[PDB]
Amino acid sequence: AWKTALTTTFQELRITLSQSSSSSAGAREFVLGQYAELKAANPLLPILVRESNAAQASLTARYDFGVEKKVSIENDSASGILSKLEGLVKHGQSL
Amino acid sequence: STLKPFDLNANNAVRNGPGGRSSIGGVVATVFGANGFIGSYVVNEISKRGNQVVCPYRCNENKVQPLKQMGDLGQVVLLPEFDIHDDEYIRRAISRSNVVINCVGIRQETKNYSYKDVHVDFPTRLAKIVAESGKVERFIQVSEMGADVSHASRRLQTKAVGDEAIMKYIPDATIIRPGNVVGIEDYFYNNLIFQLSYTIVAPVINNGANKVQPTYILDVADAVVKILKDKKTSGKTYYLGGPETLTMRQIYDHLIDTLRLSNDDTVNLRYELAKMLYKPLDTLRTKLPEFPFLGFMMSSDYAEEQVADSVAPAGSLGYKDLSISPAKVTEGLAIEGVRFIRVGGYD
Amino acid sequence: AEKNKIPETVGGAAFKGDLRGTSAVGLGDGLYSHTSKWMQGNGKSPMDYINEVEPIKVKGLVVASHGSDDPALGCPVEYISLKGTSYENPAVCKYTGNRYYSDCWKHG
Amino acid sequence: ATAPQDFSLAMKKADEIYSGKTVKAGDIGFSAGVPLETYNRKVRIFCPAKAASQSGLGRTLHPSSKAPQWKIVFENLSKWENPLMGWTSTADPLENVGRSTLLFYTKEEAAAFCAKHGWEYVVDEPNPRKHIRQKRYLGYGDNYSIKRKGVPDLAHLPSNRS
Amino acid sequence: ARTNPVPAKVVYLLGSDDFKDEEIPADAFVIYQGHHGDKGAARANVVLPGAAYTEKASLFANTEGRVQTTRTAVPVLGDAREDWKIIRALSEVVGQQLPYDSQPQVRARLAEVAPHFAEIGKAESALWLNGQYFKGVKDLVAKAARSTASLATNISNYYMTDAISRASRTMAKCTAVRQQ
Amino acid sequence: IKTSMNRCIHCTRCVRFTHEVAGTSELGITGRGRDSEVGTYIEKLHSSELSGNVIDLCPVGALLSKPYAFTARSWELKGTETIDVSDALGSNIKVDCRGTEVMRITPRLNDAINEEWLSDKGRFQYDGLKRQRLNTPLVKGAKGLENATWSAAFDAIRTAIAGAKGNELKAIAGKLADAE
Amino acid sequence: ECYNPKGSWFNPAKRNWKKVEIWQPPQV
Ligand SMILES: NC(=O)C1=CN([C@@H]2O[C@H](COP(=O)(O)OP(=O)(O)OC[C@H]3O[C@@H](n4cnc5c(N)ncnc54)[C@H](OP(=O)(O)O)[C@@H]3O)[C@@H](O)[C@H]2O)C=CC1
Ligand code: SF4
Ligand SMILES: [Zn+2]
């Protein structure tokens with residue numbers, strides 16, 4: 001449903017996370033479980049997963065004309081990550 | 001403040017450095033009349049910013065001594081033998097130059113050179129020689145404010161005719177038209193002081209009614225730099241008058257005040273009398289060499305130019321277009337030179 | 001042409017087809033020869049002088065080169081191999097530029 | 001690494017006996033009296049690496065080295081050529097001061113100096129040098145080991161051939 | 001861009017002298033930003049001079065991804081500028097001003113886009129996500145066809161591979177020596 | 001490679017490098033006793049792209065750099081530690097400069113990436129940094145590309161971008177473009 | 001007026017001691 005609509009809404013999606021951290025455990029679960037499904041729904045959409053040891057987990061969406069919205073995903077379960085991405089899609093609809 | 005480039009083609013390549021003496025500016029200049037009062041300051045401004053100035057001068061090593069200090073090694077080039085009638089020398093002088101400034105002028109006539117030669121023939125000949133080259137990008141000619149074709153004085157009339165000839169040959173030339181320039185080596189305040197102090201009586205043409213707009217030498221020198229830093233100025237005549245318009249009587253009175261002269265030594269030598277006293281003495285001048293005793297003041301041309309108002313026309317370009325605020329010539333640093341003479345606590 | 005040519009060595013003290021060690025002096029002015037960079041005239045260059053001097057025959061497979069005749073008034077003592085040297089292809093003293101050749105290696 | 005056992009002994013001892021009073025960062029720079037735009041320049045605190053031409057370890061941070069090896073260097077600025085003589089001209093007052101004279105034993109010393117004057121600094125640690133030979137040529141004996149071509153096959157022996 | 005190819009009307013070359021000729025529609029307005037004059041500069045309506053790796057303090061990522069930085073060994077030549085400053089000045093001119101106005105701010109933007117760029121000199125490990133990616137691109141990998149080409153290097157001549165090497169006289173001599 | 005074998009102390013660093021590391025196995029000590037000599041017995045040219053490293057490995061200047069020949073002395077050069085953009089290895093290098101000119105490039109120690117070795121392209125491509133350089137902004141006219149100021153070039157780029165819209169604007173990055 | 005540096009105005013072929021060759025744009 002809404003997973004199909006990321007391409008239409010987002011120009012790119014960035015998932016920043018820490019390689020080994022307690023705060024980024026939920027982000028790691030999200031990326032190692034739902035990234036394949038999100039890519040399957042949106043093949044041509046660039047979903048960039050970038051990681052560093054001291055990196056702070058976040059979910060950033062770039063809309064048309066360079067408008068970027070960053071959502072912190074720290075200490076949030078994988079389901080909450082999915083909800084936050086849905087909220088990002090709704091915000092993109094508002095634009 | 002941000003340094004503005006000299007708007008010359010391919011300057012961006014050659015220019016390098018902070019803009020000081022040792023920096024490289026992409027301006028090679030042939031300033032005719034460099035050893036003069038106006039020319040020396042223009043040479044100083046151009047050379048101060050790291051540019052190279054070629055200074056053609058009539059053989060006189062002591063007169064061109066200050067120009068030696070003006071620039072770093074190899075920047076101020078002094079060419080020894082300058083003649084206004086020699087084409088080949090003029091071509092050699094402007095060979096490497098991309099800007100040419102003409103400050104060559106005579107206040108009075110002599111036997112060797114008349115007004116028509118210096119103020120008309122030389123500008124036309126130099127204009128043709130500059131036009132044939134093509135490397136020269138900017139041309140600046142310095143003239144009086146009161147110069148007009150319909151002027152009684154021969155000097156101010158010949159100057160305007162020469163300016164028109166320059167405009168004909170080079171359409172993109174800029175005609176700088178400053179007023180009576182005040183400076184340490186000026187011929188305005190210095191001659192007025194010498195008149196007040198070492199002359200039996202100070203003759204004033206009419207009652208000093210004639211209005212003038214004197215300007216400080218540094219302002220004109222900066223105005224030259226602002227002309228060269230903008231290409232949009234090309235083809236336009238700028239009347240660089242001073243901040244304040246003053247009658248000649250006010251300037252005489254204020255000189256008497258600053259010097260603290262005992263009383264007023266000025267007399268009323270009204271017009272129609274100077275036109276009879278100096279009229280033969282002009283013919284005397286044209287047949288005799290340069291003599292210090294009589295000059296400039298003691299001529300019919302000076303009386304004719306002191307019966308008119310040498311003020312800027314209302315619609316005209318000036319210092320405001322160049323974003324310069326002229327300094328007052330009756331107060332401040334401009335007047336220090338006359339101040340050193342006497343201020344009433346002095347001697 | 002010289003603007004796109006590879007700097008090369010004639011080969012008197014070097015080989016015919018080697019690169020020439022070059023700095024960037026004169027690159028803006030447009031000079032690409034060693035002598036042009038420092039001499040602006042049309043006179044005879046010191047390289048022209050050294051070329052005019054002819055190779056000298058010596059006996060043995062090594063020659064001691066002091067540059068000048070007196071050892072302490074010239075270049076440091078140098079020992080140059082004369083093996084595989086002939087008049088057309090002489091050995092060279094690096095300090096002085098003198099050329100030497102010997103026939104001893106050919107068992108003569 | 002043992003000890004210099006020379007004037008450096010008294011040098012270090014003068015260091016440990018005495019100390020400097022703490023001041024707020026940048027306050028000394030005003031006392032210095034130099035133009036304040038000097039401290040707008042950025043600082044790199046680094047130790048030079050070894051030149052590839054030479055095999056000496058003196059210039060490196062090595063236990064052999066007993067000299068200050070950490071430099072404060074300023075960023076490179078514009079340089080041009082003299083129009084008359086082609087000399088290299090500059091307007092940078094701090095061109096050679098840091099390389100020539102600002103030498104420190106330890107990175108914290110240079111950082112303290114920079115913070116005291118108010119210079120912003122970035123410290124770059126040298127790439128670690130470990131003197132570990134590879135397993136193939138760990139020793140001189142390894143040069144002539146059976147590793148080169150394997151143990152000699154004895155199928156060429158006349159008894160084995162026949 | 002991939003879904004609906006659009007003939008480019010303005011092409012910006014950021015040091016690209018190795019572009020395929022079909023990349024520019026031959027009626028496009030080409031802006032070349034770079035430090036050597038080569039195939040890119042010849043086909044440019046506007047050429048913007050930029051500094052080289054020896055003249056700028058810039059970030060590069062290795063094949064292992066370790067972020068390393070250059071220093072300004074020699075000053076910039078003529079009226080050339082640092083490339084990011086050129087792009088930001090152009091952004092102000094065109095009416096879309098970019099937030100950064102200093103090199104550390106640019107580095108902070110790089111840290112935001114990719115956190116490892118903050119860790120200069122250190123290689124950051126990568127989570128093994130390659131299998132999930134190929135599970136994601138199932139239809140596309142099926143879409144990809146077979147080509148009559150054999151796996152081989154694209155480097156014809158090693159000494160000349162970029163604009164700097166092509167300008168080098170020494171590399172040309174090395175290439176001539178190999179080709180004789 | 002320039003040769004002065006008279007200066008050669010008979011270490012075996014060049015032979016050991018050519019055999020173990022470079023692997024072309026071209027150099028050896030031919031002879032016995034004092035007349036023992038180092039080099040190819042035949043007239044051969046060193047073929048490895050790691051050939052420059054023997055010059056650094058040579059302790060006594062018998063092997064020297066022909067491009068960097070008689071041009072400068074060591075004390076005259078200011079060294080700045082930077083990285084090589086020749087390839088994606090990011091070899092750590094030290095660029096030695098006199099004034100505004102880069103005089104030579106030599107490797108630095110980084111066991112992580114380049115142990116202490118540098119490829120010939122990276123070592124000797126500084127020559128092409130003095131040639132075919134772009135110094136000033138150029139804007140095309142009927143007379144070709146011509147000198148322009150930064151403002152005029154930006155104005156032309158603005159007039160060009162105004163026409164294009166969306167994917168009509170296209171960017172191609174080069175081999176040597178940096179992250180910023 | 002016999003000896004002057006090569007960068008002098010008097011020198012027949014005046015020298016700008018630039019150490020970099022500049023790209024010349026193609027004609028037309
Ligand atoms: N009050 C002022 O100063 C004002 C001046 N001007 C104009 O600016 C110009 C110069 O101003 P100023 O410098 O005061 O005048 P100067 O006489 O002080 O400078 C004149 C220059 O021209 C040279 N010169 C004069 N005649 C000849 C000639 N026949 N052949 C060669 N060179 C010659 C002089 O050299 P030498 O010394 O060898 O004669 C001198 O260098 C004049 O045209 C003047 O009208 C404009 C506004 C006001
Ligand atoms: S490395 Fe140098 S000194 Fe050693 S054998 Fe080779 S050429 Fe001779
Ligand atoms: Zn000798």
# chains A, B, ... in the order shown; residues from 1 in each chain; ligands from 1
call {"tool": "residues_near_ligand", "arguments": {"ligand": "ligand 1", "cutoff": "8 Å", "atoms": "only C-alpha atoms and all ligand atoms", "output": "ChimeraX atom specification"}}
result
/B:32-40,57-60,63,82-84,103-107,112-113,117-119,142-145,159,177-182,186-188
call {"tool": "write_last_selection", "arguments": {"atoms": "C-alpha atoms", "output": "mmCIF file, in the first residue's frame"}}
result
data_model
loop_
_atom_site.group_PDB
_atom_site.id
_atom_site.type_symbol
_atom_site.label_atom_id
_atom_site.label_comp_id
_atom_site.auth_asym_id
_atom_site.auth_seq_id
_atom_site.Cartn_x
_atom_site.Cartn_y
_atom_site.Cartn_z
ATOM 1 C CA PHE B 32 52.586 61.848 -20.259
ATOM 2 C CA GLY B 33 53.423 64.792 -18.047
ATOM 3 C CA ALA B 34 54.490 62.555 -15.159
ATOM 4 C CA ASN B 35 56.827 65.116 -13.571
ATOM 5 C CA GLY B 36 53.972 67.627 -13.330
ATOM 6 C CA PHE B 37 51.796 68.306 -10.309
ATOM 7 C CA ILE B 38 48.844 66.231 -11.534
ATOM 8 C CA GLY B 39 50.945 63.548 -13.212
ATOM 9 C CA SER B 40 53.107 62.704 -10.202
ATOM 10 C CA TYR B 57 59.953 63.242 -19.549
ATOM 11 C CA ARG B 58 61.861 66.094 -21.159
ATOM 12 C CA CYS B 59 65.482 65.698 -20.071
ATOM 13 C CA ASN B 60 65.574 66.773 -16.432
ATOM 14 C CA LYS B 63 62.705 67.095 -11.679
ATOM 15 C CA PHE B 82 60.318 63.267 -24.720
ATOM 16 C CA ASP B 83 59.235 65.553 -27.569
ATOM 17 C CA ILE B 84 55.586 66.214 -28.416
ATOM 18 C CA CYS B 103 48.571 65.303 -18.383
ATOM 19 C CA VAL B 104 50.685 67.461 -20.725
ATOM 20 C CA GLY B 105 49.651 71.112 -20.685
ATOM 21 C CA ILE B 106 51.046 74.634 -20.513
ATOM 22 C CA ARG B 107 49.596 77.402 -18.363
ATOM 23 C CA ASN B 112 59.043 77.381 -28.641
ATOM 24 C CA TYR B 113 55.552 76.034 -27.912
ATOM 25 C CA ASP B 117 50.716 72.859 -30.358
ATOM 26 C CA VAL B 118 50.564 71.392 -26.845
ATOM 27 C CA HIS B 119 46.798 71.482 -26.293
ATOM 28 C CA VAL B 142 42.956 65.661 -18.004
ATOM 29 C CA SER B 143 41.375 69.044 -18.756
ATOM 30 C CA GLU B 144 40.079 72.112 -16.961
ATOM 31 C CA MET B 145 36.455 72.466 -15.915
ATOM 32 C CA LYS B 159 42.099 72.432 -24.440
ATOM 33 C CA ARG B 177 37.875 67.625 -15.912
ATOM 34 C CA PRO B 178 38.975 68.603 -12.389
ATOM 35 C CA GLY B 179 38.742 72.091 -10.949
ATOM 36 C CA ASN B 180 41.524 74.167 -9.478
ATOM 37 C CA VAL B 181 43.536 71.475 -7.706
ATOM 38 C CA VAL B 182 44.807 72.191 -4.189
ATOM 39 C CA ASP B 186 49.741 73.159 -6.547
ATOM 40 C CA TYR B 187 49.648 76.340 -8.617
ATOM 41 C CA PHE B 188 46.455 77.652 -6.997
#
call {"tool": "residues_around", "arguments": {"residues": "residue 98 (chain C)", "least_positions_apart": "4", "cutoff": "9 Å", "atoms": "only C-alpha atoms", "output": "list in words"}}
result
residues 50, 53, 54, 55, 56, 65, 67, 91, 92, 93 and 94 of chain C
call {"tool": "interface_residues", "arguments": {"of": "chain E", "to": "chain G", "cutoff": "10 Å", "atoms": "only C-alpha atoms", "output": "JSON, numbers by chain"}}
result
{"E": [35, 36, 37, 38, 41, 42, 43, 77, 78]}
call {"tool": "write_last_selection", "arguments": {"atoms": "N, CA and C atoms", "output": "mmCIF file, in the first residue's frame"}}
result
data_model
loop_
_atom_site.group_PDB
_atom_site.id
_atom_site.type_symbol
_atom_site.label_atom_id
_atom_site.label_comp_id
_atom_site.auth_asym_id
_atom_site.auth_seq_id
_atom_site.Cartn_x
_atom_site.Cartn_y
_atom_site.Cartn_z
ATOM 1 N N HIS E 35 40.815 21.637 -14.121
ATOM 2 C CA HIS E 35 42.133 22.248 -14.060
ATOM 3 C C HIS E 35 43.044 21.965 -15.254
ATOM 4 N N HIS E 36 42.719 21.009 -16.124
ATOM 5 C CA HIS E 36 43.420 20.870 -17.396
ATOM 6 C C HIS E 36 42.465 21.017 -18.566
ATOM 7 N N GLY E 37 43.017 21.530 -19.673
ATOM 8 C CA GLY E 37 42.296 21.634 -20.913
ATOM 9 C C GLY E 37 42.449 20.348 -21.696
ATOM 10 N N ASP E 38 41.328 19.674 -21.916
ATOM 11 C CA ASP E 38 41.307 18.371 -22.559
ATOM 12 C C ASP E 38 39.999 18.245 -23.323
ATOM 13 N N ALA E 41 37.179 20.443 -21.891
ATOM 14 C CA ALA E 41 37.238 21.892 -22.068
ATOM 15 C C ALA E 41 36.964 22.293 -23.514
ATOM 16 N N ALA E 42 37.384 21.462 -24.470
ATOM 17 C CA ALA E 42 37.182 21.791 -25.879
ATOM 18 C C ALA E 42 35.700 21.890 -26.215
ATOM 19 N N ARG E 43 34.872 21.075 -25.563
ATOM 20 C CA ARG E 43 33.432 21.019 -25.812
ATOM 21 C C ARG E 43 32.654 21.807 -24.755
ATOM 22 N N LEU E 77 46.682 28.647 -9.118
ATOM 23 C CA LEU E 77 47.252 29.372 -10.245
ATOM 24 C C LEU E 77 46.222 30.303 -10.868
ATOM 25 N N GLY E 78 46.633 31.545 -11.120
ATOM 26 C CA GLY E 78 45.800 32.480 -11.856
ATOM 27 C C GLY E 78 44.494 32.765 -11.147
#
call {"tool": "residues_near_ligand", "arguments": {"ligand": "ligand 3", "cutoff": "10 Å", "atoms": "only C-alpha atoms and all ligand atoms", "output": "VMD selection string"}}
result
chain C and resid 63 to 69 71 74 to 80 92 to 99
call {"tool": "residues_around", "arguments": {"residues": "residue 83 (chain C)", "least_positions_apart": "4", "cutoff": "9 Å", "atoms": "only C-alpha atoms", "output": "short mmCIF file (atom, residue, chain, number, x, y, z; two decimals) with C-alpha atoms, in the first residue's frame"}}
result
data_model
loop_
_atom_site.label_atom_id
_atom_site.label_comp_id
_atom_site.auth_asym_id
_atom_site.auth_seq_id
_atom_site.Cartn_x
_atom_site.Cartn_y
_atom_site.Cartn_z
CA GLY C 60 94.42 1.91 -20.75
CA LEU C 61 90.92 1.13 -19.61
CA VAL C 62 90.77 3.96 -17.03
CA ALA C 91 83.61 8.80 -22.62
CA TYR C 101 88.50 7.23 -25.87
CA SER C 102 90.88 4.27 -25.92
CA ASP C 103 91.58 1.23 -28.10
CA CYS C 104 93.06 -0.96 -25.35
CA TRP C 105 89.96 -3.10 -24.80
CA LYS C 106 90.21 -4.29 -28.42
#
call {"tool": "interface_residues", "arguments": {"of": "chain F", "to": "chain C", "cutoff": "10 Å", "atoms": "only C-alpha atoms", "output": "PyMOL selection string"}}
result
chain F and resi 1-2+6+65-72+101-103+127+130-131
call {"tool": "residues_near_ligand", "arguments": {"ligand": "ligand 2", "cutoff": "8 Å", "atoms": "only C-alpha atoms and all ligand atoms", "output": "count of residues only"}}
result
24
call {"tool": "interface_residues", "arguments": {"of": "chain F", "to": "chain E", "cutoff": "7 Å", "atoms": "only C-alpha atoms", "output": "ChimeraX atom specification"}}
result
/F:80,82-83,88-90,95,100-101,121,124-125,127-129,131-140,153-154,158,160-161,164,167-180
call {"tool": "select_by_dssp", "arguments": {"residues": "chain A", "states": "strand (DSSP E)", "output": "PyMOL selection string"}}
result
chain A and resi 12-18+47-52+58-62+68-72
call {"tool": "write_last_selection", "arguments": {"atoms": "N, CA and C atoms", "output": "mmCIF file, in the first residue's frame"}}
result
data_model
loop_
_atom_site.group_PDB
_atom_site.id
_atom_site.type_symbol
_atom_site.label_atom_id
_atom_site.label_comp_id
_atom_site.auth_asym_id
_atom_site.auth_seq_id
_atom_site.Cartn_x
_atom_site.Cartn_y
_atom_site.Cartn_z
ATOM 1 N N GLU A 12 15.112 10.337 -2.409
ATOM 2 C CA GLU A 12 16.065 9.392 -1.848
ATOM 3 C C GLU A 12 15.737 9.195 -0.376
ATOM 4 N N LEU A 13 16.153 8.054 0.166
ATOM 5 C CA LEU A 13 15.944 7.737 1.572
ATOM 6 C C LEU A 13 17.263 7.287 2.187
ATOM 7 N N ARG A 14 17.643 7.905 3.303
ATOM 8 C CA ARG A 14 18.885 7.594 4.001
ATOM 9 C C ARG A 14 18.594 7.003 5.371
ATOM 10 N N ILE A 15 19.262 5.897 5.676
ATOM 11 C CA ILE A 15 19.166 5.233 6.967
ATOM 12 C C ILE A 15 20.563 5.249 7.574
ATOM 13 N N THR A 16 20.804 6.180 8.490
ATOM 14 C CA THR A 16 22.071 6.243 9.205
ATOM 15 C C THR A 16 21.950 5.437 10.492
ATOM 16 N N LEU A 17 22.980 4.651 10.794
ATOM 17 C CA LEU A 17 22.929 3.774 11.956
ATOM 18 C C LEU A 17 24.347 3.481 12.422
ATOM 19 N N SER A 18 24.447 2.974 13.650
ATOM 20 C CA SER A 18 25.722 2.562 14.220
ATOM 21 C C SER A 18 25.924 1.067 14.025
ATOM 22 N N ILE A 47 17.725 3.871 -1.747
ATOM 23 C CA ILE A 47 17.675 3.767 -0.293
ATOM 24 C C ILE A 47 19.099 3.538 0.199
ATOM 25 N N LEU A 48 19.712 4.580 0.752
ATOM 26 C CA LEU A 48 21.120 4.556 1.128
ATOM 27 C C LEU A 48 21.245 4.240 2.612
ATOM 28 N N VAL A 49 21.929 3.144 2.923
ATOM 29 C CA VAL A 49 22.202 2.740 4.297
ATOM 30 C C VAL A 49 23.664 3.057 4.578
ATOM 31 N N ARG A 50 23.908 4.017 5.464
ATOM 32 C CA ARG A 50 25.254 4.474 5.776
ATOM 33 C C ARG A 50 25.506 4.290 7.265
ATOM 34 N N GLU A 51 26.688 3.788 7.611
ATOM 35 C CA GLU A 51 26.954 3.346 8.971
ATOM 36 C C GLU A 51 28.347 3.761 9.431
ATOM 37 N N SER A 52 28.445 4.082 10.723
ATOM 38 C CA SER A 52 29.713 4.336 11.395
ATOM 39 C C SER A 52 29.560 3.966 12.865
ATOM 40 N N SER A 58 19.336 7.630 12.438
ATOM 41 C CA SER A 58 18.394 8.609 11.907
ATOM 42 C C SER A 58 17.800 8.083 10.607
ATOM 43 N N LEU A 59 16.663 8.664 10.225
ATOM 44 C CA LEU A 59 15.964 8.332 8.986
ATOM 45 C C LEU A 59 15.638 9.632 8.261
ATOM 46 N N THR A 60 16.322 9.888 7.149
ATOM 47 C CA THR A 60 16.189 11.143 6.418
ATOM 48 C C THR A 60 15.591 10.897 5.039
ATOM 49 N N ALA A 61 14.615 11.722 4.663
ATOM 50 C CA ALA A 61 13.983 11.657 3.354
ATOM 51 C C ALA A 61 14.166 12.984 2.632
ATOM 52 N N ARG A 62 14.629 12.925 1.386
ATOM 53 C CA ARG A 62 14.775 14.107 0.546
ATOM 54 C C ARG A 62 13.621 14.165 -0.447
ATOM 55 N N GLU A 68 14.666 18.418 2.819
ATOM 56 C CA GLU A 68 15.084 17.232 3.552
ATOM 57 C C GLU A 68 14.461 17.250 4.939
ATOM 58 N N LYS A 69 13.894 16.118 5.343
ATOM 59 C CA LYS A 69 13.324 15.955 6.672
ATOM 60 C C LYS A 69 14.040 14.803 7.359
ATOM 61 N N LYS A 70 14.658 15.089 8.501
ATOM 62 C CA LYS A 70 15.386 14.090 9.272
ATOM 63 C C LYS A 70 14.574 13.689 10.491
ATOM 64 N N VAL A 71 14.450 12.383 10.697
ATOM 65 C CA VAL A 71 13.736 11.815 11.829
ATOM 66 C C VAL A 71 14.693 10.912 12.595
ATOM 67 N N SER A 72 14.903 11.215 13.873
ATOM 68 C CA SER A 72 15.753 10.365 14.696
ATOM 69 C C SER A 72 15.054 9.043 14.975
#
call {"tool": "interface_residues", "arguments": {"of": "chain B", "to": "chain E", "cutoff": "9 Å", "atoms": "only C-alpha atoms", "output": "list in words"}}
result
residues 12, 13, 14, 15 and 16 of chain B
call {"tool": "atom_distance", "arguments": {"atom1": "CA of residue 78 (chain A)", "atom2": "CA of residue 65 (chain A)"}}
result
29.5 Å
call {"tool": "select_by_dssp", "arguments": {"residues": "region 33-145 of chain D", "states": "alpha helix (DSSP H)", "output": "number ranges by chain"}}
result
D: 97-101, 107-117
call {"tool": "interface_residues", "arguments": {"of": "chain D", "to": "chain G", "cutoff": "7 Å", "atoms": "only C-alpha atoms", "output": "ChimeraX atom specification"}}
result
/D:81,83-86
call {"tool": "write_last_selection", "arguments": {"atoms": "N, CA, C and O atoms", "output": "compact mmCIF listing (two decimals), in the first residue's frame"}}
result
# COMPACT_ATOMS: atom_id res chain seq x y z
N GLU D 81 55.64 35.41 -8.49
CA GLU D 81 56.97 35.58 -9.05
C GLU D 81 57.25 37.06 -9.26
O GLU D 81 56.40 37.78 -9.80
N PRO D 83 58.16 40.22 -11.02
CA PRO D 83 58.16 40.51 -12.46
C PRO D 83 59.54 40.79 -13.03
O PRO D 83 59.81 40.45 -14.19
N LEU D 84 60.43 41.40 -12.24
CA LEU D 84 61.75 41.76 -12.75
C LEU D 84 62.71 40.57 -12.74
O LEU D 84 63.39 40.31 -13.74
N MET D 85 62.77 39.84 -11.63
CA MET D 85 63.78 38.81 -11.46
C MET D 85 63.21 37.42 -11.22
O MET D 85 63.98 36.49 -10.98
N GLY D 86 61.89 37.24 -11.28
CA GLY D 86 61.34 35.91 -11.13
C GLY D 86 61.49 35.29 -9.77
O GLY D 86 61.30 34.08 -9.62
call {"tool": "atom_distance", "arguments": {"atom1": "CA of residue 48 (chain B)", "atom2": "CA of residue 19 (chain B)"}}
result
8.2 Å
call {"tool": "atom_distance", "arguments": {"atom1": "CA of residue 345 (chain B)", "atom2": "CA of residue 264 (chain B)"}}
result
19.2 Å
call {"tool": "interface_residues", "arguments": {"of": "chain E", "to": "chain A", "cutoff": "9 Å", "atoms": "only C-alpha atoms", "output": "NGL selection string"}}
result
:E and (2-3 or 112-116 or 119 or 124-127 or 129 or 131-140)
call {"tool": "residues_around", "arguments": {"residues": "residue 40 (chain F)", "least_positions_apart": "4", "cutoff": "10 Å", "atoms": "only C-alpha atoms", "output": "CSV table (one decimal) with N, CA and C atoms, in the first residue's frame"}}
result
chain,number,residue,atom,x,y,z
F,25,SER,N,62.3,-9.5,-12.2
F,25,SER,CA,63.6,-10.3,-12.1
F,25,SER,C,64.5,-9.9,-13.3
F,26,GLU,N,64.8,-8.7,-13.4
F,26,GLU,CA,65.6,-8.2,-14.5
F,26,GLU,C,67.1,-7.8,-14.0
F,27,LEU,N,67.2,-7.4,-12.8
F,27,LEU,CA,68.5,-6.9,-12.3
F,27,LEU,C,69.2,-8.0,-11.5
F,28,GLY,N,70.5,-8.1,-11.7
F,28,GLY,CA,71.3,-9.0,-10.9
F,28,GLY,C,72.8,-8.6,-10.9
F,29,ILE,N,73.5,-9.2,-10.0
F,29,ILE,CA,75.0,-8.8,-9.8
F,29,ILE,C,75.7,-9.8,-10.8
F,30,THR,N,76.2,-9.3,-11.9
F,30,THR,CA,77.0,-10.0,-12.8
F,30,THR,C,78.4,-9.7,-12.6
F,44,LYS,N,68.4,-3.9,-21.5
F,44,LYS,CA,67.0,-4.1,-21.2
F,44,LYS,C,66.5,-2.9,-20.4
F,45,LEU,N,65.2,-2.6,-20.5
F,45,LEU,CA,64.6,-1.5,-19.8
F,45,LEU,C,63.6,-2.0,-18.8
F,46,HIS,N,63.6,-1.4,-17.6
F,46,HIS,CA,62.8,-2.0,-16.5
F,46,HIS,C,61.4,-1.8,-16.8
call {"tool": "residues_around", "arguments": {"residues": "residue 74 (chain A)", "least_positions_apart": "6", "cutoff": "6 Å", "atoms": "only C-alpha atoms", "output": "list in words"}}
result
residues 23, 24 and 57 of chain A
call {"tool": "write_last_selection", "arguments": {"atoms": "N, CA, C and O atoms", "output": "short mmCIF file (atom, residue, chain, number, x, y, z; two decimals), in the first residue's frame"}}
result
data_model
loop_
_atom_site.label_atom_id
_atom_site.label_comp_id
_atom_site.auth_asym_id
_atom_site.auth_seq_id
_atom_site.Cartn_x
_atom_site.Cartn_y
_atom_site.Cartn_z
N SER A 23 21.68 1.71 21.00
CA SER A 23 20.69 2.64 20.47
C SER A 23 20.27 2.24 19.06
O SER A 23 19.11 2.44 18.67
N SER A 24 21.19 1.70 18.27
CA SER A 24 20.95 1.39 16.87
C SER A 24 20.50 -0.04 16.64
O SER A 24 20.41 -0.47 15.48
N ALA A 57 21.68 7.06 15.04
CA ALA A 57 20.67 6.52 14.14
C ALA A 57 19.66 7.59 13.73
O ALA A 57 19.18 8.36 14.57
#
